[PDB]
$ cat protein19.tsv   # TSV, C-alpha atoms
chain	number	residue	atom	x	y	z
A	1	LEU	CA	67.41	-0.91	6.17
A	2	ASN	CA	66.74	-2.05	2.58
A	3	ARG	CA	62.97	-1.63	3.03
A	4	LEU	CA	63.31	1.92	4.34
A	5	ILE	CA	65.74	2.77	1.49
A	6	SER	CA	63.01	1.49	-0.87
A	7	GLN	CA	60.37	3.86	0.49
A	8	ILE	CA	62.78	6.72	-0.23
A	9	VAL	CA	63.44	5.76	-3.88
A	10	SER	CA	59.68	4.96	-4.39
A	11	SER	CA	58.87	8.47	-3.20
A	12	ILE	CA	61.49	10.02	-5.48
A	13	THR	CA	59.94	8.15	-8.47
A	14	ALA	CA	56.27	8.65	-7.50
A	15	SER	CA	55.99	11.65	-9.85
A	16	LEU	CA	56.75	9.46	-12.93
A	17	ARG	CA	54.74	6.33	-12.07
A	18	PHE	CA	51.44	8.08	-11.25
A	19	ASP	CA	49.72	11.54	-11.59
A	20	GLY	CA	49.95	14.55	-9.38
A	21	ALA	CA	49.67	18.26	-8.66
A	22	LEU	CA	53.34	19.17	-9.35
A	23	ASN	CA	55.27	16.58	-11.28
A	24	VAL	CA	59.08	16.44	-10.87
A	25	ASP	CA	61.19	14.55	-13.45
A	26	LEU	CA	64.46	12.85	-12.55
A	27	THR	CA	66.25	15.34	-14.85
A	28	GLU	CA	64.89	18.27	-12.84
A	29	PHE	CA	66.89	17.19	-9.73
A	30	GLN	CA	70.28	18.40	-11.03
A	31	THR	CA	69.01	21.94	-11.75
A	32	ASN	CA	67.82	22.49	-8.17
A	33	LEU	CA	70.10	20.23	-6.06
A	34	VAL	CA	73.47	20.81	-7.78
A	35	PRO	CA	74.69	24.49	-7.42
A	36	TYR	CA	78.17	23.49	-8.84
A	37	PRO	CA	78.81	20.11	-10.63
A	38	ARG	CA	80.91	18.42	-7.91
A	39	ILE	CA	78.91	19.93	-5.04
A	40	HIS	CA	76.44	17.36	-6.34
A	41	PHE	CA	75.75	14.89	-3.47
A	42	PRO	CA	72.73	15.69	-1.18
A	43	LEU	CA	71.85	13.71	2.00
A	44	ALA	CA	68.57	11.79	2.20
A	45	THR	CA	65.50	12.16	4.53
A	46	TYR	CA	61.95	10.65	4.60
A	47	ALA	CA	58.98	11.02	6.81
A	48	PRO	CA	56.74	10.01	8.55
A	49	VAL	CA	58.93	7.22	9.92
A	50	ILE	CA	56.70	5.69	12.53
A	51	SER	CA	55.09	2.38	13.60
A	52	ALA	CA	51.39	1.66	13.84
A	53	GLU	CA	51.39	2.29	17.60
A	54	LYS	CA	52.38	5.93	17.18
A	55	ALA	CA	50.26	7.20	14.28
A	56	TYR	CA	47.34	7.60	16.72
A	57	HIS	CA	49.16	10.05	19.04
A	58	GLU	CA	50.43	12.68	16.57
A	59	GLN	CA	49.25	15.26	14.07
A	60	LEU	CA	50.23	14.03	10.55
A	61	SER	CA	49.79	17.15	8.44
A	62	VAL	CA	51.92	18.60	5.70
A	63	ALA	CA	52.96	21.19	8.26
A	64	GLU	CA	54.07	18.51	10.88
A	65	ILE	CA	55.86	16.08	8.51
A	66	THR	CA	57.61	18.87	6.61
A	67	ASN	CA	58.82	20.37	9.98
A	68	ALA	CA	60.10	17.02	11.17
A	69	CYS	CA	62.17	16.61	7.98
A	70	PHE	CA	64.64	19.14	9.37
A	71	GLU	CA	65.23	17.49	12.78
A	72	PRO	CA	68.96	16.65	12.94
A	73	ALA	CA	68.37	13.25	14.63
A	74	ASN	CA	66.16	11.85	11.88
A	75	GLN	CA	68.32	12.31	8.86
A	76	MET	CA	69.29	9.22	6.71
A	77	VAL	CA	72.98	10.25	6.96
A	78	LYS	CA	74.49	10.36	10.47
A	79	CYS	CA	75.74	13.95	10.70
A	80	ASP	CA	74.36	17.02	12.46
A	81	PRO	CA	73.55	19.20	9.43
A	82	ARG	CA	73.68	22.20	11.79
A	83	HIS	CA	77.53	21.85	11.57
A	84	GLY	CA	77.31	23.31	8.05
A	85	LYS	CA	74.94	25.42	5.86
A	86	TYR	CA	72.10	24.20	3.66
A	87	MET	CA	72.50	25.12	-0.04
A	88	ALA	CA	69.31	23.70	-1.51
A	89	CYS	CA	66.58	21.44	-0.06
A	90	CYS	CA	64.31	19.50	-2.48
A	91	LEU	CA	61.00	18.52	-0.92
A	92	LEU	CA	58.77	15.90	-2.53
A	93	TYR	CA	55.24	15.03	-1.48
A	94	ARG	CA	52.76	12.14	-1.77
A	95	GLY	CA	49.13	11.63	-0.70
A	96	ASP	CA	46.57	14.06	0.76
A	97	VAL	CA	48.83	17.12	0.22
A	98	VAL	CA	47.32	20.54	-0.80
A	99	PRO	CA	49.94	22.88	-2.33
A	100	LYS	CA	49.01	25.80	-0.12
A	101	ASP	CA	50.21	24.01	2.98
A	102	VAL	CA	53.37	22.91	1.23
A	103	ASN	CA	53.95	26.68	0.52
A	104	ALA	CA	53.09	27.61	4.19
A	105	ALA	CA	55.26	24.85	5.68
A	106	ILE	CA	58.36	25.43	3.59
A	107	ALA	CA	57.91	29.11	4.25
A	108	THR	CA	57.98	28.43	8.01
A	109	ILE	CA	61.30	26.55	7.81
A	110	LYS	CA	62.97	29.51	6.15
A	111	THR	CA	61.28	31.72	8.65
A	112	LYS	CA	63.34	29.73	11.17
A	113	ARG	CA	66.53	31.00	9.69
X	1	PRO	CA	103.18	12.98	2.85
X	2	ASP	CA	103.15	16.29	0.98
X	3	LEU	CA	100.56	17.92	-1.34
X	4	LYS	CA	102.78	20.78	-2.55
X	5	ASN	CA	99.81	22.92	-3.82
X	6	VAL	CA	96.08	22.28	-4.09
X	7	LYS	CA	92.99	24.50	-4.66
X	8	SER	CA	89.22	24.58	-5.00
X	9	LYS	CA	87.22	24.11	-8.22
X	10	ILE	CA	84.96	26.07	-9.49
X	11	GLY	CA	83.09	29.06	-8.13
X	12	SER	CA	83.39	32.54	-6.56
X	13	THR	CA	87.24	32.55	-6.89
X	14	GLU	CA	86.83	32.56	-10.73
X	15	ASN	CA	84.26	35.43	-10.67
X	16	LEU	CA	86.26	38.27	-9.10
X	17	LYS	CA	86.65	40.34	-12.28
X	18	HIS	CA	83.02	40.41	-13.45
X	19	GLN	CA	80.60	42.34	-11.15
X	20	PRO	CA	78.71	42.90	-13.46
X	21	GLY	CA	78.77	46.65	-14.05
X	22	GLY	CA	75.64	48.88	-14.12
X	23	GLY	CA	74.25	51.61	-16.41
X	24	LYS	CA	72.19	54.85	-16.80
X	25	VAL	CA	68.61	55.84	-17.63
X	26	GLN	CA	67.01	59.03	-18.96
X	27	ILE	CA	63.64	60.55	-19.72
X	28	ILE	CA	61.34	60.55	-21.94
X	29	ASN	CA	60.35	64.20	-22.32
X	30	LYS	CA	60.01	66.84	-25.08
X	31	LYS	CA	58.37	70.13	-25.92
X	32	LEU	CA	56.40	71.43	-28.86
X	33	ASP	CA	57.11	74.60	-30.97
X	34	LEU	CA	54.53	77.42	-30.53
X	35	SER	CA	56.38	80.07	-32.62
X	36	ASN	CA	54.04	79.90	-35.72
X	37	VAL	CA	50.75	80.38	-33.85
X	38	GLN	CA	48.12	83.16	-34.21
X	39	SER	CA	44.34	83.29	-33.60
X	40	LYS	CA	42.11	82.07	-36.47
X	41	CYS	CA	39.18	84.49	-35.96
X	42	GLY	CA	40.13	88.15	-36.13
X	43	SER	CA	37.70	91.06	-36.59
X	44	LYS	CA	38.91	93.70	-34.02
X	45	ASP	CA	41.28	95.42	-36.51
X	46	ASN	CA	38.23	96.22	-38.66
X	47	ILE	CA	37.87	99.30	-36.28
X	48	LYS	CA	40.05	100.84	-39.00
$ encode --input "protein19.tsv" --output "structure tokens"
Amino acid sequence: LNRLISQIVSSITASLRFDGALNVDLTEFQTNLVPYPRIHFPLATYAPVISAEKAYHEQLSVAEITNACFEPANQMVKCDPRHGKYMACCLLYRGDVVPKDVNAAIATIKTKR
Amino acid sequence: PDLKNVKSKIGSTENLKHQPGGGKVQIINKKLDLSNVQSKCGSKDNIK
């Protein structure tokens, strides 16, 4: 549990430990995740979240991993976020990630309104 | 227990006076005055 928690915080601070295409500071978070100052506590997700046996039976694109982030079973807080209404989702990438397919993929989620 | 009164803090409940209100636009057009104008060649009266 403490090693998966680590991979979440590593990924949140990737943008300030190494260089990138779109570089999000820890001060930027409040301005996009907090719509009112006490409505300030977002739930966590990370993905892919698979073992070495599985990697070789699924497509691992920016499209696929961004689409899986929304699945209600694979949230790091045990609630069905369908019960409620999203206010702002902050999405944060790492690796072989071309911005055009970040734009496509996040567009597709909204397109599933 | 009893809570007597409690309310939300702070959003759309504190906005209900300020719309905001709109405005009005206008053209952006004129004329010119032609009342001074005569032709600058002028021989045909020389028939006199």
$ atom_distance --input "protein19.tsv" --atom1 "CA of residue 27 (chain A)" --atom2 "CA of residue 8 (chain X)"
26.6 Å
$ closest_atom_pairs --input "protein19.tsv" --of "chain X" --to "chain A" --cutoff "9 Å" --atoms "all atoms listed in the file" --output "tab-separated table"
residue	atom	partner	partner_atom	distance
X:9	CA	A:38	CA	8.5
X:10	CA	A:36	CA	7.3
X:11	CA	A:36	CA	7.5
$ closest_residue --input "protein19.tsv" --among "A:33, A:98, A:20, A:13" --to "residue 86 (chain A)" --atoms "all atoms listed in the file"
A:33
$ atom_distance --input "protein19.tsv" --atom1 "CA of residue 55 (chain A)" --atom2 "CA of residue 101 (chain A)"
20.3 Å
$ atom_distance --input "protein19.tsv" --atom1 "CA of residue 62 (chain A)" --atom2 "CA of residue 102 (chain A)"
6.4 Å
$ residues_around --input "protein19.tsv" --residues "residue 47 (chain A)" --least-positions-apart "6" --cutoff "8 Å" --atoms "only C-alpha atoms" --output "PyMOL selection string"
chain A and resi 65-66+68-69
$ residues_around --input "protein19.tsv" --residues "residue 95 (chain A)" --least-positions-apart "3" --cutoff "12 Å" --atoms "all atoms listed in the file" --output "PyMOL selection string"
chain A and resi 11+14-15+18-21+60-62+92+98-99
$ build_atoms --input "protein19.tsv" --residues "region 92-109 of chain A" --atoms "N, CA and C atoms" --output "CSV table (one decimal), in the frame of the given file"
chain,number,residue,atom,x,y,z
A,92,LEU,N,59.5,16.8,-1.6
A,92,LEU,CA,58.8,15.9,-2.5
A,92,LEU,C,57.6,15.1,-1.9
A,93,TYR,N,56.4,15.5,-2.2
A,93,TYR,CA,55.2,15.0,-1.5
A,93,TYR,C,54.4,14.0,-2.2
A,94,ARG,N,53.5,13.4,-1.4
A,94,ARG,CA,52.8,12.1,-1.8
A,94,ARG,C,51.5,12.2,-0.9
A,95,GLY,N,50.3,11.9,-1.5
A,95,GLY,CA,49.1,11.6,-0.7
A,95,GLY,C,48.1,12.8,-0.6
A,96,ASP,N,47.5,12.9,0.5
A,96,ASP,CA,46.6,14.1,0.8
A,96,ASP,C,47.3,15.4,1.1
A,97,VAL,N,47.9,16.0,0.1
A,97,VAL,CA,48.8,17.1,0.2
A,97,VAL,C,48.4,18.2,-0.7
A,98,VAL,N,47.8,19.3,-0.2
A,98,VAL,CA,47.3,20.5,-0.8
A,98,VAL,C,48.4,21.6,-0.9
A,99,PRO,N,48.7,22.2,-2.1
A,99,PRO,CA,49.9,22.9,-2.3
A,99,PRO,C,50.1,24.1,-1.4
A,100,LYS,N,49.0,24.7,-1.0
A,100,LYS,CA,49.0,25.8,-0.1
A,100,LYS,C,49.7,25.5,1.2
A,101,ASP,N,49.5,24.3,1.7
A,101,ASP,CA,50.2,24.0,3.0
A,101,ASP,C,51.6,23.5,2.8
A,102,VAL,N,52.0,23.0,1.6
A,102,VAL,CA,53.4,22.9,1.2
A,102,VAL,C,54.1,24.2,1.2
A,103,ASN,N,53.5,25.3,0.6
A,103,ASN,CA,54.0,26.7,0.5
A,103,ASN,C,54.1,27.3,1.9
A,104,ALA,N,53.0,27.2,2.8
A,104,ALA,CA,53.1,27.6,4.2
A,104,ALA,C,54.3,27.0,4.9
A,105,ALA,N,54.4,25.6,4.9
A,105,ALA,CA,55.3,24.8,5.7
A,105,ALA,C,56.7,25.1,5.3
A,106,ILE,N,57.0,25.1,4.0
A,106,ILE,CA,58.4,25.4,3.6
A,106,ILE,C,58.7,26.9,3.8
A,107,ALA,N,57.7,27.8,3.7
A,107,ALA,CA,57.9,29.1,4.2
A,107,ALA,C,58.3,29.3,5.7
A,108,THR,N,57.7,28.5,6.6
A,108,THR,CA,58.0,28.4,8.0
A,108,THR,C,59.4,28.0,8.3
A,109,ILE,N,59.9,27.0,7.6
A,109,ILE,CA,61.3,26.6,7.8
A,109,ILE,C,62.3,27.7,7.6
